[PDB]
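Participant: Dropping in target_35.cif, with mmCIF, C-alpha atoms and all ligand atoms.
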data_my_file
loop_
_atom_site.label_atom_id
_atom_site.label_comp_id
_atom_site.auth_asym_id
_atom_site.auth_seq_id
_atom_site.Cartn_x
_atom_site.Cartn_y
_atom_site.Cartn_z
CA UNK G 1 0.00 0.00 0.00
CA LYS G 2 0.87 3.66 0.65
CA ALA G 3 4.51 4.63 0.32
CA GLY G 4 5.68 6.58 3.36
CA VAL G 5 4.13 4.51 6.16
CA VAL G 6 6.20 1.96 8.08
CA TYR G 7 4.51 -1.44 7.84
CA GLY G 8 5.16 -4.31 10.17
CA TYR G 9 6.17 -7.59 8.54
CA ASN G 10 2.85 -9.41 9.03
CA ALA G 11 0.93 -6.26 8.04
CA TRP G 12 3.18 -6.07 4.96
CA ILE G 13 2.05 -9.59 4.09
CA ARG G 14 -1.58 -8.38 4.35
CA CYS G 15 -0.52 -5.57 2.01
CA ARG B 328 -2.30 -11.02 -2.46
CA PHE B 329 0.78 -9.42 -4.02
CA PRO B 330 3.30 -7.17 -2.19
CA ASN B 331 4.08 -3.60 -3.29
CA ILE B 332 6.71 -1.94 -1.05
CA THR B 333 10.27 -3.34 -1.22
CA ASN B 334 12.27 -1.52 1.44
CA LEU B 335 13.74 -2.85 4.68
CA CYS B 336 13.84 -0.41 7.58
CA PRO B 337 17.57 0.19 8.29
CA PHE B 338 17.61 -1.05 11.87
CA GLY B 339 21.13 -2.37 11.28
CA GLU B 340 22.27 1.17 10.51
CA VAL B 341 21.04 2.23 13.96
CA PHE B 342 22.13 -0.80 16.03
CA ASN B 343 25.39 -2.06 14.51
CA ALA B 344 26.77 1.49 14.85
CA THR B 345 30.42 2.12 15.69
CA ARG B 346 29.80 4.81 18.35
CA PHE B 347 26.42 5.78 19.80
CA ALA B 348 25.67 9.38 20.70
CA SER B 349 26.04 10.95 24.11
CA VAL B 350 22.77 11.13 26.04
CA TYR B 351 22.76 14.94 25.98
CA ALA B 352 23.11 14.92 22.17
CA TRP B 353 20.91 11.90 21.41
CA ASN B 354 20.94 11.05 17.71
CA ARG B 355 17.67 10.65 15.79
CA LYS B 356 17.12 8.73 12.53
CA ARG B 357 13.96 9.24 10.45
CA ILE B 358 12.38 5.90 9.50
CA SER B 359 9.74 5.89 6.77
CA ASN B 360 8.51 4.07 3.68
CA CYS B 361 9.86 0.68 4.67
CA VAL B 362 8.89 -2.67 6.10
CA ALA B 363 10.23 -3.51 9.55
CA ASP B 364 10.47 -6.87 11.29
CA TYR B 365 10.53 -6.56 15.07
CA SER B 366 10.79 -10.32 15.50
CA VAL B 367 14.47 -10.15 14.51
CA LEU B 368 15.16 -7.47 17.13
CA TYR B 369 13.43 -9.33 19.94
CA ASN B 370 14.99 -12.63 18.77
CA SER B 371 18.42 -11.07 19.09
CA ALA B 372 17.34 -11.36 22.76
CA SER B 373 20.42 -9.60 24.15
CA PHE B 374 18.52 -6.48 25.23
CA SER B 375 18.23 -5.98 28.98
CA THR B 376 15.00 -3.97 28.72
CA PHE B 377 12.60 -4.22 25.75
CA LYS B 378 9.39 -2.51 26.89
CA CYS B 379 6.74 -0.82 24.76
CA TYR B 380 4.02 1.66 25.68
CA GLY B 381 0.57 1.81 24.11
CA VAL B 382 0.98 -1.52 22.28
CA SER B 383 2.11 -4.93 23.49
CA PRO B 384 5.55 -5.73 22.00
CA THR B 385 4.64 -9.38 21.31
CA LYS B 386 1.95 -8.34 18.80
CA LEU B 387 3.91 -5.38 17.39
CA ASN B 388 4.91 -7.08 14.14
CA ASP B 389 1.44 -7.09 12.50
CA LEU B 390 0.73 -3.34 12.69
CA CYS B 391 1.47 -0.42 10.38
CA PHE B 392 3.04 2.73 11.84
CA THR B 393 3.83 6.23 10.65
CA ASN B 394 6.32 8.93 11.70
CA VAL B 395 8.76 6.34 13.04
CA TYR B 396 11.85 7.90 14.66
CA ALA B 397 14.79 6.00 16.19
CA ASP B 398 16.63 7.83 18.98
CA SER B 399 19.98 6.36 20.03
CA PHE B 400 22.13 7.27 23.03
CA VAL B 401 24.21 5.81 25.87
CA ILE B 402 23.43 6.13 29.60
CA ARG B 403 24.31 4.44 32.89
CA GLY B 404 22.84 1.13 34.03
CA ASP B 405 21.10 2.70 37.03
CA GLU B 406 19.69 5.38 34.70
CA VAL B 407 17.71 2.97 32.49
CA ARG B 408 14.59 3.40 34.64
CA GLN B 409 14.52 7.11 33.73
CA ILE B 410 13.75 6.43 30.05
CA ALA B 411 10.01 6.01 30.58
CA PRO B 412 7.05 8.42 30.60
CA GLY B 413 6.77 10.61 33.69
CA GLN B 414 10.00 9.48 35.36
CA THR B 415 12.01 12.10 37.27
CA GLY B 416 15.77 11.72 37.41
CA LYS B 417 19.15 13.20 36.62
CA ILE B 418 18.82 12.34 32.92
CA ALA B 419 15.07 12.52 32.35
CA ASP B 420 14.68 15.98 33.87
CA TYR B 421 17.60 17.49 31.97
CA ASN B 422 18.76 15.25 29.08
CA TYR B 423 16.06 13.12 27.40
CA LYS B 424 12.41 13.04 28.52
CA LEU B 425 9.65 10.95 27.06
CA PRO B 426 6.24 12.69 27.06
CA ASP B 427 3.36 11.54 29.21
CA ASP B 428 1.34 10.31 26.18
CA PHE B 429 4.21 8.17 24.88
CA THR B 430 3.45 5.72 22.07
CA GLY B 431 6.78 4.03 21.17
CA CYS B 432 9.20 1.43 22.50
CA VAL B 433 12.35 1.40 24.64
CA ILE B 434 15.29 -0.93 23.90
CA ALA B 435 18.26 -1.09 26.26
CA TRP B 436 21.25 -3.42 26.25
CA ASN B 437 24.54 -3.64 28.16
CA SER B 438 27.52 -2.16 26.30
CA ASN B 439 30.26 -2.69 28.91
CA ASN B 440 32.17 -4.71 26.30
CA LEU B 441 32.51 -1.81 23.82
CA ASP B 442 31.79 1.52 25.53
CA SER B 443 34.16 1.13 28.48
CA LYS B 444 37.92 0.71 28.57
CA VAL B 445 40.56 0.34 31.25
CA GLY B 446 41.07 3.84 32.58
CA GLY B 447 37.50 4.69 31.57
CA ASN B 448 35.79 6.27 28.59
CA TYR B 449 34.99 9.93 29.24
CA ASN B 450 33.48 10.62 25.80
CA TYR B 451 29.89 9.97 26.95
CA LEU B 452 28.61 13.06 28.73
CA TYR B 453 25.43 13.99 30.58
CA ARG B 454 23.97 17.42 31.37
CA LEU B 455 24.07 17.77 35.16
CA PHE B 456 22.03 20.96 35.67
CA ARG B 457 19.80 23.06 33.44
CA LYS B 458 18.03 26.33 34.10
CA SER B 459 14.63 24.84 33.22
CA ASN B 460 13.35 21.31 32.68
CA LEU B 461 13.41 19.82 29.20
CA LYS B 462 10.24 19.50 27.15
CA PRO B 463 9.51 16.07 25.62
CA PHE B 464 12.00 15.26 22.84
CA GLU B 465 13.61 18.67 23.36
CA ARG B 466 17.28 18.59 22.42
CA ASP B 467 19.54 21.07 24.20
CA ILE B 468 23.26 20.67 23.59
CA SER B 469 24.27 24.10 24.87
CA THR B 470 27.58 24.40 26.76
CA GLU B 471 27.03 27.69 28.61
CA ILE B 472 28.93 27.98 31.90
CA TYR B 473 27.07 28.92 35.07
CA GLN B 474 28.79 32.00 36.52
CA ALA B 475 27.17 32.45 39.95
CA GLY B 476 30.18 34.38 41.16
CA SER B 477 31.77 37.80 41.36
CA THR B 478 33.77 37.75 38.10
CA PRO B 479 32.56 36.66 34.65
CA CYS B 480 33.74 33.25 33.49
CA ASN B 481 34.26 34.27 29.84
CA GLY B 482 34.03 30.64 28.80
CA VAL B 483 36.49 29.10 31.28
CA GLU B 484 35.63 26.31 33.72
CA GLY B 485 36.83 27.01 37.22
CA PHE B 486 35.75 27.97 40.72
CA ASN B 487 32.63 29.95 41.55
CA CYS B 488 32.10 28.98 37.94
CA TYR B 489 30.68 25.59 36.94
CA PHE B 490 30.38 23.65 33.63
CA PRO B 491 27.08 21.85 32.87
CA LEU B 492 28.26 18.60 31.23
CA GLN B 493 29.83 15.81 33.31
CA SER B 494 31.83 12.91 31.87
CA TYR B 495 30.44 9.44 32.52
CA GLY B 496 33.75 7.60 32.85
CA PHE B 497 32.84 3.95 32.29
CA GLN B 498 35.49 1.50 33.42
CA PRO B 499 34.92 -2.22 32.66
CA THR B 500 35.47 -2.83 36.39
CA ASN B 501 32.47 -0.68 37.33
CA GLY B 502 29.39 -2.06 39.01
CA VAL B 503 26.44 -3.12 36.89
CA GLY B 504 24.66 0.05 38.00
CA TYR B 505 27.57 2.12 36.66
CA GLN B 506 28.12 0.04 33.52
CA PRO B 507 27.22 1.75 30.21
CA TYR B 508 23.98 0.80 28.47
CA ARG B 509 23.08 1.62 24.87
CA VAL B 510 19.45 2.68 24.44
CA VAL B 511 17.24 3.03 21.35
CA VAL B 512 13.82 4.67 21.69
CA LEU B 513 11.29 4.23 18.90
CA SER B 514 8.68 6.97 18.59
CA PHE B 515 5.78 6.23 16.25
CA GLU B 516 2.05 6.70 15.67
CA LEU B 517 -0.31 3.75 15.31
CA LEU B 518 -1.90 3.86 11.86
CA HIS B 519 -5.08 1.97 10.90
CA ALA B 520 -5.66 3.69 7.54
CA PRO B 521 -6.33 0.61 5.35
CA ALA B 522 -9.07 -1.35 7.10
CA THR B 523 -8.10 -4.72 5.63
CA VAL B 524 -4.33 -4.30 5.98
CA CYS B 525 -4.09 -2.75 9.45
CA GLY B 526 -7.32 -3.95 11.11
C1 LIG X 1 2.18 0.81 -4.91
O1 LIG X 1 2.98 1.82 -4.29
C2 LIG X 1 3.03 3.05 -5.03
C3 LIG X 1 4.06 3.93 -4.36
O2 LIG X 1 5.35 3.70 -4.90
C4 LIG X 1 1.64 3.66 -5.07
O3 LIG X 1 1.66 4.90 -5.77
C5 LIG X 1 0.68 2.68 -5.75
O4 LIG X 1 -0.64 3.21 -5.71
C6 LIG X 1 0.73 1.31 -5.07
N1 LIG X 1 -0.06 0.33 -5.81
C7 LIG X 1 -1.40 0.32 -5.85
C8 LIG X 1 -2.01 -0.78 -6.67
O5 LIG X 1 -2.08 1.15 -5.27
#
Just dump the structure as C-alpha cells.
Ligand SMILES: *[C@@H]1O[C@H](CO)[C@@H](O)[C@H](O)[C@H]1NC(C)=O
Facilitator:
Amino acid sequence: XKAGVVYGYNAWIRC
Amino acid sequence: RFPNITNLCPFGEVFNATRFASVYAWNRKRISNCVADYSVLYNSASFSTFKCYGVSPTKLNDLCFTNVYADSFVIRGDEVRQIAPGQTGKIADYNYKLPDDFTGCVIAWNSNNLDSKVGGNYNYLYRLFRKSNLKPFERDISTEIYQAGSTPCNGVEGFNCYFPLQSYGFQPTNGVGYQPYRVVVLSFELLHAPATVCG
C-alpha cells in the first residue's frame, strides 16, 4: 500500500 | 495477495553502529517508507530492557506505523529506569524526557564490552544541571557555563564557575549500576488507515 508509512512484517504480508 | 513496497527499515544502521551518541546529544534517525520486522530485534534477545508503551511488544509485528523515529544514546545502568514516561531523574529531567502520552518502545542493552575501557571512557557526557526542565523530545546541547560568582567566566571552567556537562567515565570494572547501556527509543504513531491491511 501507501509509500511513506512503516509497515510491520505481518501487516506487509496483508498488504 | 501481491506485495508492493520493497524496502527494509535500516535497523542495522542504527544498532550495529560504531559509536552511539552521548545522552545529551541523542541522535535521531527518520524511518519511513519501509517494512520492519521486530521479530528479529526481539529474537536477538540480548537487550536488557525491551518494553513498549501503548501496544504490546509481542503483537507489534502485525501493525502499520507512521512517523517512526529512532533515537539512540548511551546512559548508565542505574539510569535505564529514567527512560520512561513521567520518570524524574538526573537524565530525564535534563537530558532526554519521554512525554506523558508516549506511544513508542524502549530498547536497552549492556555495552560494557565496547563503551568502556581500562582507565574509563569519558566521551559519553550527561547534562548535570539546566536552568529549566526539558520538554519532551527537546534537544539542548548548549555548553554555557554557570557563573554564579563575582567575576565573569568568559568561557572558562573554574571555581565559583561551573560547567554543565559531566563525563560518565565507564570503566569495565564498574558495578552493573555504573556500567554503560546503549538505548534506542522508537517513537511512532499507530496507523489503521487501510481497514483490511491494518485492522
Ligand atoms: C504501490 O505503491 C506506489 C508507491 O510507490 C503507489 O503509488 C501505488 O498506488 C501502489 N499500488 C497500488 C495498486 O495502489
Participant: Give me, as CSV, the closest atom pair and its distance (Å, one decimal) for every residue of chain G within a cut-off of 12 Å of ligand LIG 1 (chain X), counting all atoms listed in the file, rows sorted by chain and rising number.
Facilitator:
residue,atom,partner,partner_atom,distance
G:1,CA,X:LIG1,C6,5.3
G:2,CA,X:LIG1,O1,5.7
G:3,CA,X:LIG1,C3,4.8
G:4,CA,X:LIG1,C3,8.3
G:5,CA,X:LIG1,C3,10.5
G:15,CA,X:LIG1,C1,9.8
Participant: Show which residues sit within 12 Å of residue 440 in chain B, as JSON, numbers by chain. Count all atoms listed in the file, and ignore same-chain residues fewer than 4 positions away.
Facilitator: {"B": [436, 444, 445, 448, 497, 498, 499, 500, 501, 506, 507, 508, 509]}
Participant: Applying 7 Å and only C-alpha atoms, which residues near residue 349 in chain B remain after dropping the ones on its own chain fewer than 2 positions away? List them as a list in words.
Facilitator: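 Selected residues are residues 347, 351, 352, 353, 400, 401, 451 and 452 of chain B.
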Participant: Determine the nearest neighbour of residue 12 in chain G from the options B:476, B:426, B:330, B:482, counting only C-alpha atoms.
Facilitator: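 Counting only C-alpha atoms, the residue closest to residue 12 in chain G is B:330.
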Participant: Fewer than 6 positions away in the same chain doesn't count, so skip those; otherwise give me all residues within 10 Å of residue 486 in chain B, counting all atoms listed in the file, as a CSV table (one decimal) with C-alpha atoms, in the frame of the given file.
Facilitator:
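Output file result18.csv is given in full below:
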chain,number,residue,atom,x,y,z
B,474,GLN,CA,28.8,32.0,36.5
B,475,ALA,CA,27.2,32.4,40.0
B,476,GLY,CA,30.2,34.4,41.2
B,480,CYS,CA,33.7,33.2,33.5
Participant: Quick one, how far is CA of residue 360 in chain B from CA of residue 332 in chain B?
Facilitator: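 CA of residue 360 in chain B sits 7.9 Å away from CA of residue 332 in chain B.
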Participant: Output the contact residues of chain B with respect to chain G at a cut-off of 6 Å, based on only C-alpha atoms, as a list in words.
Facilitator: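 Close to chain G, chain B has residues 330, 359, 360, 361, 362, 363, 364, 388, 389, 390, 391, 392, 393 and 524 of chain B.
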Participant: Please provide as a PyMOL selection string all residues within 8 Å of residue 513 in chain B, with the sequence filter that same-chain residues fewer than 2 positions apart are discarded (counting all atoms listed in the file).
Facilitator: chain B and resi 395-398+431-433+511+515
Participant: Interatomic distance between CA of residue 522 in chain B and CA of residue 335 in chain B?
Facilitator: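 For CA of residue 522 in chain B relative to CA of residue 335 in chain B, the distance reads 23.0 Å.
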Participant: Ranking B:484, B:472, B:430, B:441 by minimum distance to residue 345 in chain B and counting all atoms listed in the file, which one comes first?
Facilitator: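 Answer, going by the shortest atom-to-atom distance: B:441.
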Participant: So what do you get for CA of residue 412 in chain B versus CA of residue 342 in chain B, distance-wise?
Facilitator: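 According to the coordinates, CA of residue 412 in chain B and CA of residue 342 in chain B are separated by 22.9 Å.
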Participant: Produce the centre coordinates and the three edge lengths, each in Å to one decimal, of the box along x, y and z that contains all listed atoms of range 4-15 of chain G with 8 Å added on each side, as lines of an AutoDock Vina configuration file.
Facilitator:
center_x = 2.3
center_y = -1.5
center_z = 6.1
size_x = 23.8
size_y = 32.2
size_z = 24.2
Participant: Given all atoms listed in the file, how would the per-residue table for range 421-501 of chain B near range 371-375 of chain B read, listing every residue at most 10 Å away with its closest atom pair and distance in Å to one decimal, sorted by chain and number, as a Markdown table?
Facilitator:
| residue | atom | partner | partner_atom | distance |
| --- | --- | --- | --- | --- |
| B:434 | CA | B:374 | CA | 6.6 |
| B:435 | CA | B:374 | CA | 5.5 |
| B:436 | CA | B:374 | CA | 4.2 |
| B:437 | CA | B:375 | CA | 6.8 |
Participant: Give the answer as one residue: which of B:328, B:457, B:403, B:386 has the shortest atom-to-atom distance to residue 492 in chain B, using all atoms listed in the file?
Facilitator: B:457
Participant: Generate the missing atoms of chain G up to N, CA, C and O atoms and report them as a PDB file, in the frame of the given file.
Facilitator:
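As written to disk, out_22.pdb reads:
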ATOM      1  N   UNK G   1       0.788  -1.246   0.000  1.00  0.00           N
ATOM      2  CA  UNK G   1       0.000   0.000   0.000  1.00  0.00           C
ATOM      3  C   UNK G   1       0.822   1.301   0.000  1.00  0.00           C
ATOM      4  O   UNK G   1       1.835   1.405  -0.695  1.00  0.00           O
ATOM      5  N   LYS G   2       0.368   2.289   0.770  1.00  0.00           N
ATOM      6  CA  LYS G   2       0.870   3.660   0.650  1.00  0.00           C
ATOM      7  C   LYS G   2       2.351   3.774   0.985  1.00  0.00           C
ATOM      8  O   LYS G   2       2.788   3.385   2.066  1.00  0.00           O
ATOM      9  N   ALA G   3       3.116   4.323   0.051  1.00  0.00           N
ATOM     10  CA  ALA G   3       4.510   4.630   0.320  1.00  0.00           C
ATOM     11  C   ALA G   3       4.589   5.747   1.358  1.00  0.00           C
ATOM     12  O   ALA G   3       3.810   6.704   1.318  1.00  0.00           O
ATOM     13  N   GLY G   4       5.499   5.600   2.311  1.00  0.00           N
ATOM     14  CA  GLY G   4       5.680   6.580   3.360  1.00  0.00           C
ATOM     15  C   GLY G   4       5.102   6.220   4.706  1.00  0.00           C
ATOM     16  O   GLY G   4       5.142   7.053   5.618  1.00  0.00           O
ATOM     17  N   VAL G   5       4.599   5.000   4.874  1.00  0.00           N
ATOM     18  CA  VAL G   5       4.130   4.510   6.160  1.00  0.00           C
ATOM     19  C   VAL G   5       4.879   3.219   6.452  1.00  0.00           C
ATOM     20  O   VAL G   5       5.077   2.391   5.554  1.00  0.00           O
ATOM     21  N   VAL G   6       5.362   3.090   7.683  1.00  0.00           N
ATOM     22  CA  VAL G   6       6.200   1.960   8.080  1.00  0.00           C
ATOM     23  C   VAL G   6       5.306   0.786   8.466  1.00  0.00           C
ATOM     24  O   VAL G   6       4.655   0.795   9.514  1.00  0.00           O
ATOM     25  N   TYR G   7       5.292  -0.233   7.614  1.00  0.00           N
ATOM     26  CA  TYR G   7       4.510  -1.440   7.840  1.00  0.00           C
ATOM     27  C   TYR G   7       5.295  -2.444   8.655  1.00  0.00           C
ATOM     28  O   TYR G   7       6.504  -2.600   8.479  1.00  0.00           O
ATOM     29  N   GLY G   8       4.595  -3.138   9.542  1.00  0.00           N
ATOM     30  CA  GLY G   8       5.160  -4.310  10.170  1.00  0.00           C
ATOM     31  C   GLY G   8       5.111  -5.496   9.217  1.00  0.00           C
ATOM     32  O   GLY G   8       4.323  -5.526   8.274  1.00  0.00           O
ATOM     33  N   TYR G   9       5.994  -6.468   9.458  1.00  0.00           N
ATOM     34  CA  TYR G   9       6.170  -7.590   8.540  1.00  0.00           C
ATOM     35  C   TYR G   9       4.850  -8.301   8.225  1.00  0.00           C
ATOM     36  O   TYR G   9       4.501  -8.506   7.055  1.00  0.00           O
ATOM     37  N   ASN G  10       4.118  -8.714   9.262  1.00  0.00           N
ATOM     38  CA  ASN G  10       2.850  -9.410   9.030  1.00  0.00           C
ATOM     39  C   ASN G  10       1.836  -8.493   8.351  1.00  0.00           C
ATOM     40  O   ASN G  10       1.056  -8.945   7.504  1.00  0.00           O
ATOM     41  N   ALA G  11       1.806  -7.210   8.728  1.00  0.00           N
ATOM     42  CA  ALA G  11       0.930  -6.260   8.040  1.00  0.00           C
ATOM     43  C   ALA G  11       1.395  -5.995   6.615  1.00  0.00           C
ATOM     44  O   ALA G  11       0.584  -5.601   5.768  1.00  0.00           O
ATOM     45  N   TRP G  12       2.687  -6.186   6.331  1.00  0.00           N
ATOM     46  CA  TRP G  12       3.180  -6.070   4.960  1.00  0.00           C
ATOM     47  C   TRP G  12       2.807  -7.285   4.134  1.00  0.00           C
ATOM     48  O   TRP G  12       2.697  -7.184   2.908  1.00  0.00           O
ATOM     49  N   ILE G  13       2.610  -8.432   4.783  1.00  0.00           N
ATOM     50  CA  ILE G  13       2.050  -9.590   4.090  1.00  0.00           C
ATOM     51  C   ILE G  13       0.599  -9.310   3.695  1.00  0.00           C
ATOM     52  O   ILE G  13       0.185  -9.570   2.557  1.00  0.00           O
ATOM     53  N   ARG G  14      -0.185  -8.748   4.626  1.00  0.00           N
ATOM     54  CA  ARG G  14      -1.580  -8.380   4.350  1.00  0.00           C
ATOM     55  C   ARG G  14      -1.670  -7.349   3.244  1.00  0.00           C
ATOM     56  O   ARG G  14      -2.692  -7.265   2.552  1.00  0.00           O
ATOM     57  N   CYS G  15      -0.615  -6.564   3.062  1.00  0.00           N
ATOM     58  CA  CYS G  15      -0.520  -5.570   2.010  1.00  0.00           C
ATOM     59  C   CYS G  15      -0.418  -6.236   0.640  1.00  0.00           C
ATOM     60  O   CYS G  15      -1.392  -6.274  -0.116  1.00  0.00           O
TER      61      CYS G  15
END
